[PDB]
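S.K.: pasting the sequence and an experimental structure:
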Amino acid sequence: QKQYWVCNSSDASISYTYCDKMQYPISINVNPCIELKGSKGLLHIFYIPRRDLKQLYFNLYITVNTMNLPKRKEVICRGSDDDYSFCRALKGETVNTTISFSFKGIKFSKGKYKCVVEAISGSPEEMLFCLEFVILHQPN
Amino acid sequence: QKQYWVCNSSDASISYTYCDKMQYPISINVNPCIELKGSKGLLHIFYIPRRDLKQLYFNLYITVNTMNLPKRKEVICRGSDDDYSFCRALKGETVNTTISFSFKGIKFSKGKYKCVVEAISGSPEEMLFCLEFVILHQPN
Amino acid sequence: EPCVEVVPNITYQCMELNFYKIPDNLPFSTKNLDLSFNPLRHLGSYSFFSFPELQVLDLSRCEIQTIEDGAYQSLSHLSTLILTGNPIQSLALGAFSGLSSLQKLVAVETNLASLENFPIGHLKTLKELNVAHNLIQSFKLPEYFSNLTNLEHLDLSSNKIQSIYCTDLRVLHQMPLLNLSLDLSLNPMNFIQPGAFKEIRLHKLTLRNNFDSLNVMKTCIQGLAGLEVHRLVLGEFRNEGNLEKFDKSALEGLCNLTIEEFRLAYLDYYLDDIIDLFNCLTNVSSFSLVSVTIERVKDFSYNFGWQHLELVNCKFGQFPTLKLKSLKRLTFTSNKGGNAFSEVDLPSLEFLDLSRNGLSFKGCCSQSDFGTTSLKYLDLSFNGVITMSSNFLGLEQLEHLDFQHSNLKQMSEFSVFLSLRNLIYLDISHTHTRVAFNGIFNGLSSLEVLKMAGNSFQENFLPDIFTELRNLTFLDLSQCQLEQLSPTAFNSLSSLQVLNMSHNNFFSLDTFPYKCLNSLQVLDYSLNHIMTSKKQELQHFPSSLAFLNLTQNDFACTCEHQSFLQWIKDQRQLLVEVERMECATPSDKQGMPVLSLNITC
Amino acid sequence: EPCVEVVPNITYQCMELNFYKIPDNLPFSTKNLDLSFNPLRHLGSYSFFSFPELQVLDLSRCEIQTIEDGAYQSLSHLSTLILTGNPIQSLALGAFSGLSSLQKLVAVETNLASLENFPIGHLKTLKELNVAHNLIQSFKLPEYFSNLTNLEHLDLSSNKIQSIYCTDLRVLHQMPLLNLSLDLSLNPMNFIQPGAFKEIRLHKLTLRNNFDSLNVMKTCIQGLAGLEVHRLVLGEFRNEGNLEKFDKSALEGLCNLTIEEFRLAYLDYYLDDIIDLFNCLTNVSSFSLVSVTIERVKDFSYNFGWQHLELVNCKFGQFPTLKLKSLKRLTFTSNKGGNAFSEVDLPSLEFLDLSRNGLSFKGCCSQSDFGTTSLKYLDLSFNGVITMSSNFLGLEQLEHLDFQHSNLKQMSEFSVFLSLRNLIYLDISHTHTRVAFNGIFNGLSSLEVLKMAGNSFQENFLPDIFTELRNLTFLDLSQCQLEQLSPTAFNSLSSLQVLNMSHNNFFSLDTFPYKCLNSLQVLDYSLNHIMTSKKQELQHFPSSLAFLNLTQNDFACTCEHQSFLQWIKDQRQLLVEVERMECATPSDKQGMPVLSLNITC
Ligand SMILES: *[C@@H]1O[C@H](CO)[C@@H](O[C@@H]2O[C@H](CO)[C@@H](O[C@@H]3O[C@H](CO)[C@@H](O)[C@H](O)[C@H]3NC(C)=O)[C@H](O)[C@H]2NC(C)=O)[C@H](O)[C@H]1NC(C)=O
Ligand SMILES: *[C@@H]1O[C@H](CO)[C@@H](O[C@@H]2O[C@H](CO)[C@@H](O[C@@H]3O[C@H](CO)[C@@H](O)[C@H](O)[C@H]3NC(C)=O)[C@H](O)[C@H]2NC(C)=O)[C@H](O)[C@H]1NC(C)=O
Ligand SMILES: *[C@@H]1O[C@H](CO)[C@@H](O[C@@H]2O[C@H](CO)[C@@H](O[C@@H]3O[C@H](CO)[C@@H](O)[C@H](O)[C@@H]3O)[C@H](O)[C@H]2NC(C)=O)[C@H](O)[C@H]1NC(C)=O
Ligand SMILES: *[C@@H]1O[C@H](CO)[C@@H](O[C@@H]2O[C@H](CO)[C@@H](O[C@@H]3O[C@H](CO)[C@@H](O)[C@H](O)[C@@H]3O)[C@H](O)[C@H]2NC(C)=O)[C@H](O)[C@H]1NC(C)=O
Ligand SMILES: *[C@@H]1O[C@H](CO)[C@@H](O[C@@H]2O[C@H](CO)[C@@H](O)[C@H](O)[C@H]2NC(C)=O)[C@H](O)[C@H]1NC(C)=O
Ligand SMILES: *[C@@H]1O[C@H](CO)[C@@H](O[C@@H]2O[C@H](CO)[C@@H](O)[C@H](O)[C@H]2NC(C)=O)[C@H](O)[C@H]1NC(C)=O
Ligand SMILES: *[C@@H]1O[C@H](CO)[C@@H](O)[C@H](O)[C@H]1NC(C)=O
Ligand SMILES: *[C@@H]1O[C@H](CO)[C@@H](O)[C@H](O)[C@H]1NC(C)=O
Ligand SMILES: *[C@@H]1O[C@H](CO)[C@@H](O)[C@H](O)[C@H]1NC(C)=O
Ligand SMILES: *[C@@H]1O[C@H](CO)[C@@H](O)[C@H](O)[C@H]1NC(C)=O
Ligand SMILES: *[C@@H]1O[C@H](CO)[C@@H](O)[C@H](O)[C@H]1NC(C)=O
Ligand SMILES: *[C@@H]1O[C@H](CO)[C@@H](O)[C@H](O)[C@H]1NC(C)=O
């Protein structure tokens, strides 16, 4: 399994690898890197799906230092009139998008943080890919 | 057990009797009689307590046509600066008071409705009296 | 290079299998051949000859540089082509020649340049034509569209179309019948000279995220004049740069069109007033907003003719004060801002959905709250805290009612469902309820589906509360921590067929409580811990029972109450999953199916 | 006529026992003789002679017409007299003569007429003097009050005192030391000529429900001038007629006094603004309102010096916007109106109580919400719905925290108590919580009392969540529907002494999970259904165990696992209530104490 780095910050060391059999590439960038303290920034994505980016959503399996959390389910785009333009893509169509984010108001602690990322989309709802995120953390 | 009537209305036949060993008198009036439909009116009370009307409260055991409800607990006066003047009484002191009431927004059905009324007050919290209310009901 | 056989000799998919030619060593009668991401740098005439029958064909990212003449020739019944992502630099004239029944045609990310030199002139039965993400410079419809009927969609989004002129769309003045659900979004356009759109008709028009300022948008709205679009959709996309101003005299001039259905679909601006804005968007029989933050505004009280409203994912600071003389449906779902509720006045409303908002009701539910008196549907599920101060009063016509995962308060203090005599559905599942009054379900005479899974019981003893509910065919009771049941509990229930009773904590099965159920077919007792019985007076269940799930609970494998295990080898005709019905009590007898161990004692 | 002996030869009560004379056939050394509602139409000298010792004496409704001279003579150590409801038409001079140590003196409903011909001149040690519900016409203090020191209360309420003049209260200008918690309520008064109260001092002054209009109240407030009352209490009573107007220039002229503690205690008027009203009620170090409906008002932002506030039972329409530079305590309890919350700014606040309001928190708890940074106490219990979006941040100094019977949301999604390193108390009992994260109680290192009774568990299996909580001496776990417990769960817990584990659903007791608890003294397993064990490897509990409640659960009275019942006759030294530990499993062996039935097999 090859390791894919993303960015470093004062208290973050994001990276990720692949879960499943198929390993279709993807390009993710974040500027500036997330400070796991309340951050802001942009998220640039370059992708070419093998399915339709329609009714896309994420299953997140989070792990707080060898302690599982419950399972998270995030619906990115629903059906009609998405907030985003990239969820009108088709197979083979270039997605080249930018989404900004920000958060604040929570304290974390040290340890190997993990999150299994499962994207699901399409007509019969088959998976689009799995990714595995490793986020170390050590506040200053 | 002697029956004590209160008032009739179009859909009410309030009355009451005594529970306990002691049968110290009391005078209750309601004008105009409660229509068990959403009503308004005044409640005139003439009493001479055998304890202090201090930290008085009620335990209500309600019975909806041979079906018990849970137990109700109503605090009339707490400690300092009561909403009412009559809860500053002492033993032997004449209480001669008037309290208005109104309610609306609930449907009832026919049947023998009952409510056991237990007043508690005083320094060691001993009972002041028990009363037993019978409220028939037959909407028009 | 094995092509995966998805449906046996019907559909094969060959994706990413590094091919260079069509796999004609494939069965002779194919349908729905997937062939994408296989490099095919060029096609030849009669390419798909060994596939005389073919319904769906996909060539996505197959990097087709040129489609030669006469290709696809020996290929009819072909309903779909997906030429997505293929950069076509030489599409030969007369391509797509022999295609008798072609309806869908997707050419996305293909390097198009205009529609007049586009070989579909001979086409018919062609309904969709999705030409998105292309390089097209002017919206001048070519003349062969005259011959081309049946065209229903024309989605040219993300194109480089800059502006429009009068005699553009000189076509469409010759169409007695024309349904064209046109969609022009993300086109950077800064001029619409007047009179261009005129005596024209559409069936949808989607312009989102294309005007860079308020003046551009204003005078281009002035450009469209007398359009008569049956459904308009404006807005923008959260994904890119957006307008930095939006107030009253924007959206003006929109007042010359003939709209019937509107939708503003996003707005990055914290709009702060709703009339003298959306002013000439009245008489539209369907209003809709999505994701637009109108946080601080007081005056929602206004008269519009709006036969359908929807406010999905909107933020506020207050519950809006709706006053609509004509509004039949509302969907205030998944909003986030203002967690309260105040009486609205919708005199003619027949549907209502306030779901997953999280708001709280102190005045609960009465005819005084929604101002109507014929509300057939109501969903307050997944909200915060609902306090019952009034049984549904003035709402005697209400067939649907959901509450699941809300927080019902004071639900035991009186007959809370006492007015709902016409109610078929009821879901009070997983509300924080403690059933301690034998008259909770009083009044529901037509209730046939009763769901309540996750509601406590007084001392964990099922009382006789299911009386006068004689139409109940479906009864849900699971995670109700029941340790005992009244021996006469499910009486008067002659129509119950499904009966869920699992995930409680029982320790004794018996058949007397179910001596008389004529219509029961399923009876679930799964996640209990049921070890023995009253005594072997356990009798045959009613004939109707066709299913008795007894799986997943503990059992006791010793000589005594081997008569109980004999009575569970009584029926092999009504058991369900003998695989997970096993032994628990001894250590030596572990994981053993019960009917399996033959012991004398 | 048996006088009830309440405390053996100490206190006897003879109430309603139809008497006519003192029961001197009673023990010789009495204290606290109750004698009320017995008809004594007249008393005589040396009436209470056979009671040489007497602390408390009650004569309530004994209808004493006349108290003759010299009565009560041979009676000292008498600390209390209660002459309530006795209509006294001839109180002879020199009555109450021999009373060496008398402090309390209650003469209510006695037909008094004035205080100058009132025989208490010789009295001393007299602290209370409750003369309420009498017939007194003018508030002119008689001169013998000079000799009468130690008087602390003087409650003359419900009297017919009409107005006051200047040289009334010419006394009290000669008192170097005088504490007089005066209370004049329900006195219909319509004039206070100026200068009357002047250079005077009090320690409370209670005027509620006495002025019939706004002008009367205004100019009578003008009457009191330079009073210096240490605590003022105005208002009215819900019980009778009230003012019909209250706004800005009422309560004016109150600005000449020297108040320190204020209380308005009721108002039937829907007051609608709070400054330019209560305008010269600043610098009062304790503000308080009770039962006053101020529903619609926006401007609470104002500067006052208010070192204590309390808003009990008040109604609003909005959460008030408090901005107080100096306010150390707040009690916003049992309010009813506005069920929300917005950030207040109390820069110096050390106590906070928002209990039984029912309001809802969307911004939850952070230093951003209350504007302070040293909040030692916080009670949000019995509220509506609390959404955790922030672990307590900026509140690192918080020793008390209650949440019980609220509705906590998202409590499992992260370590919600991660900042509270100084926290002794925590009550999350009966919140709708599903513990499914092993790091819920992370951060609480000083927690010693953990109450959580009524919170679910993932698959009903107790995980190892009580780690790093080593000071925990008290642990509450009941109605948590636990069917299994991790064999290594209560480790690192060396200080736990009480350990509640009852009302779950167990079926096997064992001692390995409690092999190492050095400080346990109580261990409750009551409302389970515990029938057998793992195997008789059950070992001695730690020496510290002095109590093992095993009452109230089912048992199995057959030969096998008679070794289990032998191991519960193992200990007679640690059992608790052998009366309700009985038999359940056979029909013949019913209700039988277990250690009682001697069987071989
Ligand atoms: C033995 O226990 C089983 C559970 O432990 C019971 O299970 C079955 O559960 C399924 C839930 O997935 C039910 O399915 C659903 O079917 C209904 C039919 O109308 C659909 O609406 C739902 O959408 C669908 N849900 C999903 C996720 O598919 C099965 O219907 C149900 N089995 C039966 C017979 O109803 C078994 O029922 C129980 N054994 C017996 C004999 O009942
Ligand atoms: C056998 O089960 C009994 C319950 O079924 C346990 O009962 C006792 O419960 C009492 C509750 O009323 C506890 O009392 C309270 O005592 C505490 C002491 O600090 C006071 O604060 C509370 O105010 C008071 N509450 C009331 C209503 O009086 C008893 O303390 C408690 N018993 C013990 C020993 O703590 C028995 O505990 C259990 N058997 C054993 C040996 O624990
Ligand atoms: C009676 O009510 C219970 C209440 O839960 C119903 O239980 C549900 O049963 C289904 C069927 O087994 C469960 O699905 C199982 O889910 C797992 C994980 O998703 C899956 O791997 C299994 O193959 C199976 O599908 C489901 O978890 C369970 N609970 C819920 C909340 O749905 C039960 O079906 C009802 N009985 C009848 C006869 O209807
Ligand atoms: C462990 O926690 C449970 C949680 O309830 C504690 O239970 C309470 O125990 C008392 C003592 O028996 C119960 O009081 C009983 O109340 C009835 C009715 O009021 C009264 O008639 C009895 O004489 C007795 O006082 C009480 O109901 C019960 N439940 C609650 C909610 O208080 C238990 O005490 C705890 N164990 C220990 C050792 O602290
Ligand atoms: C980005 O962060 C990672 C992890 O914090 C850094 O990787 C570590 O690098 C240091 C410095 O060379 C080593 O001492 C550690 O052993 C490395 N640990 C792991 C787990 O990789 C990385 O160096 C950082 N990048 C930069 C540019 O500083
Ligand atoms: C007040 O109501 C009660 C009960 O509704 C009436 O008492 C009944 O009186 C009628 C008329 O005489 C009798 O036929 C019934 O048998 C009585 N029933 C009971 C239970 O008492 C009473 O008459 C009403 N009072 C008036 C003045 O109409
Ligand atoms: C995505 O679009 C931007 C728009 O300018 C462009 O600069 C960038 O190169 C594009 N990404 C790729 C991978 O081409
Ligand atoms: C109670 O007070 C009112 C006040 O006027 C009086 O009329 C009435 O007679 C009093 N009640 C009794 C029983 O005297
Ligand atoms: C197109 O318009 C025709 C007009 O008769 C209508 O029947 C048809 O449903 C429309 N197309 C779609 C996809 O609805
Ligand atoms: C349902 O209940 C109603 C009223 O009790 C009754 O008329 C009807 O026959 C029942 N059954 C069906 C299938 O509607
Ligand atoms: C009365 O005033 C004195 C002044 O020293 C004070 O000590 C005392 O506590 C006061 N009385 C009461 C009941 O507080
Ligand atoms: C409580 O915990 C603190 C910090 O973990 C520790 O210093 C202290 O000794 C413990 N015990 C007591 C009784 O405070």
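M.R.: Nice, thanks for sending it over. Numbering: from 1, shown residues only, chains lettered A, B, ... in the order given. Ligands and ions are numbered 1, 2, ... in the order given.
S.K.: neighbours around the nearest residue to residue C:469 once chain neighbours are set aside, how many?
M.R.: Nearest residue to residue C:469, sequence neighbours excluded (C-beta to C-beta, 6 or more residues apart in numbering or on different chains): residue C:447, at 5.5 Å. C-beta here means a position set from N, CA and C on the backbone, and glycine is covered the same way. By other C-beta atoms under 10 Å in any protein chain shown, 22 other residues sit near residue C:447.
S.K.: then the one 4 residues further on?
M.R.: The burial count assigned to residue C:451 is 20, neighbours taken as other C-beta under 10 Å.
S.K.: try residue C:465
M.R.: Applying other C-beta under 10 Å, we find 17 residues neighbouring residue C:465.
S.K.: thinking it is in contact with residue C:444, fair?
M.R.: No: Residue C:465 is not in contact with residue C:444 according to C-beta atoms under 8 Å; the separation is 10.9 Å.
S.K.: right, and the residue nearest to residue C:469 touches residue C:426 too?
M.R.: Yes: using C-beta under 8 Å, residue C:447 is in contact with residue C:426, at 5.6 Å.
S.K.: please name the nearest non-neighbouring residue to residue C:54.
M.R.: Residue nearest to residue C:54 in three dimensions, not counting chain neighbours: residue C:78, with 5.3 Å by C-beta to C-beta, 6+ apart.
S.K.: tell me who's in contact with the one you found.
M.R.: The neighbourhood of residue C:78, defined by C-beta atoms under 8 Å, 6 or more residues apart in numbering or on different chains, consists of C:54-57, C:72, C:99, C:101-102.
S.K.: give me the three-state assignment for it.
M.R.: coil (DSSP: H, G, I helix; E, B strand; the rest coil).
S.K.: measure it to residue C:48 for me?
M.R.: 9 Å (C-beta to C-beta, to the nearest Å).
S.K.: now residue C:577
M.R.: Here residue C:577 is placed at a distance of 49 Å from residue C:48 (C-beta to C-beta).
S.K.: measure the residue nearest to residue C:469 to residue D:32 for me?
M.R.: For residue C:447 relative to residue D:32 (C-beta to C-beta), the value is 63 Å.
S.K.: tell me, what residue is most central in the chain?
M.R.: All of this is about chain A. Taking C-alpha atoms, centre = their mean, the centroid of chain A lies closest to residue A:117, which sits 6.4 Å from it.
S.K.: right idea, wrong chain: chain C
M.R.: When C-alpha atoms, centre = their mean is applied to chain C, the residue found nearest the centroid is residue C:333 (13.0 Å).
S.K.: list the residues that contact that residue.
M.R.: With C-beta under 8 Å, 6+ apart as the criterion, the residues that contact residue C:333 are C:312, C:353-357.
S.K.: can you report phi and psi for it?
M.R.: Residue C:333 adopts backbone torsions of phi -120, psi 140, taken as degrees, to the nearest 10.
S.K.: what does residue A:58 give?
M.R.: Per-residue torsions, residue A:58: phi -120, psi 140 (degrees, to the nearest 10).
S.K.: tally of neighbours for residue A:5?
M.R.: When neighbours are defined as other C-beta under 10 Å, residue A:5 has 10 of them.
S.K.: would you agree it is in contact with residue A:28?
M.R.: No: using C-beta under 8 Å, residue A:5 is not in contact with residue A:28, being 10.5 Å away.
S.K.: find the closest residue to ligand 9 in chain A.
M.R.: Per C-beta to the nearest ligand atom, residue A:80 is where chain A lies closest to ligand 9, at 14.6 Å.
S.K.: could you check how far that residue is from residue D:237?
M.R.: Distance of residue A:80 to residue D:237, computed by C-beta to C-beta: 61 Å.
S.K.: more neighbours: which of the two?
M.R.: Using other C-beta under 10 Å as the criterion, residue A:80 and residue D:237 rank with residue D:237 on top: 21 against 11.
S.K.: wait, isn't that one in contact with residue B:84?
M.R.: Yes: between residue D:237 and residue B:84 there is a contact under C-beta under 8 Å: 6.6 Å.
S.K.: mind checking how far the one residue in chain A that gets nearest to ligand 12 is from residue C:474?
M.R.: Nearest to ligand 12 in chain A, going by C-beta to the nearest ligand atom, is residue A:109, at a distance of 16.8 Å. Distance of residue A:109 to residue C:474, computed by C-beta to C-beta: 48 Å.
S.K.: kindly report the same for residue C:272.
M.R.: Remark: distance between residue C:272 and residue C:474 (C-beta to C-beta) = 49 Å.
S.K.: residues from chain C in reach of ligand 9?
M.R.: Contact residues, chain C versus ligand 9 (C-beta under 6 Å from any ligand atom): C:152, C:179, C:203.
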